[PDB]
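*Asks:* First the structure, which I've put down as structure tokens, then a few questions once you've had a look.
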Amino acid sequence: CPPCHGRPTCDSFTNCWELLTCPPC
């Protein structure tokens, strides 16, 4: 599960620094 738009796509703050695990696409 890569970035949903080629950019750090985060639909929250906590998941935005947890983009290493699985970006919310």
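Letters A, B, ... go to the chains of the structure tokens in the order shown; residues in each chain start at 1; ligands are counted from 1 in the same order.
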I want to know what sits within 6 Å of range 11-25 of chain A, based on only C-alpha atoms, with residues of the same chain fewer than 2 positions away left out; could you give that as a count of residues only?

*Replies:* 3
